[PDB]
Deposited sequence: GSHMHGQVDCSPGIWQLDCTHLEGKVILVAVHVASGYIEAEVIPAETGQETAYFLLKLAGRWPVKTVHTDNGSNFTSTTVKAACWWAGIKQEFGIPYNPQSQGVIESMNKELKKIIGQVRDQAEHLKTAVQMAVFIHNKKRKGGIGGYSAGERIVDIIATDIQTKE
C-alpha cells in the first residue's frame, strides 16, 4: 500500500520468546519489541504506545485472532484505530539483522532494538526512517 496511516502488526518467534513487529506499510519503517507473552494485554499496550507516537489510522495483521480480545478492542476504540480491510516479508529481513548482531548483546530484546536501529537507518535513495517522516510531513502539509 501507500496510505500514510496504515500499520502492519504481527508476532514472530525467536529463542522461545515472542517479538511484536509493527511495519509502517508505505515506508517499511519498523517498531519492534520483545513481549513476555503473546497476549491481548501486550498487543493493546503496544498499540497505545504506537498510536501516541505516530498517526495510526488502520492496522492490518496476518493473524486476525490477534485483534479479537476486549483489551485490544479497547485500545483501538480509544486511539480511534480501525482494522485494515484494504490489504488482502520483513520478519524474514529483521531476523537476518538480529542474527548478525546477536553476539553483540546478552539479551534478545537488546539485539532486537539494534536490529530496528539498523533497519530504520539503512539507505535503500532514503532510509525507512527518512521515508516515514517525509510521508507523514507531505501528507500533513
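Colleague: In sequence order, which parts of the deposited sequence are missing C-alpha coordinates?
Modeller: In sequence order, the gaps with no modelled C-alpha are 1 to 8, 97 to 106, 143 to 146, 164 to 166.
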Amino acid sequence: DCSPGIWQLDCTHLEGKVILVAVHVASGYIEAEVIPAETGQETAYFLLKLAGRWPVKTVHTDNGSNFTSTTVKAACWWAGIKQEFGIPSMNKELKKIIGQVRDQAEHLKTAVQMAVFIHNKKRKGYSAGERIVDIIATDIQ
From here on, numbers count along this sequence of modelled residues.
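Colleague: Is residue 36 unresolved, in the sense of carrying no coordinates, in at least a third of the other compared entries?
Modeller: No: coordinates for residue 36 present in every compared entry.
Colleague: Check whether residue 87 goes without coordinates in at least a third of the other compared PDB entries of this protein that model residues on both sides of it.
Modeller: That residue is missing from at least a third of the other compared entries.
Colleague: Looking at the deposited entry, does 46 to 54 or 96 to 104 carry the larger mean Cα B-factor?
Modeller: Taking the mean C-alpha B-factor of 46 to 54 and of 96 to 104, the larger value falls to 96 to 104.
Colleague: Quick one: say whether 78 to 86 or 25 to 33 has the higher mean Cα B-factor in the deposited entry.
Modeller: Mean B over CA atoms: larger for 78 to 86.
Colleague: Quick check on the deposited entry: does the C-alpha B-factor of residue 113 sit in the lowest, middle or highest third of its chain?
Modeller: Lowest third.
Colleague: Can you tell me which third, lowest, middle or highest, the CA B-factor of residue 70 falls into for its chain?
Modeller: Answer is middle: the recorded C-alpha B-factor places it there.
Colleague: Is the Cα B-factor recorded for residue 41 in the lowest, middle or highest third of its chain?
Modeller: Middle third.
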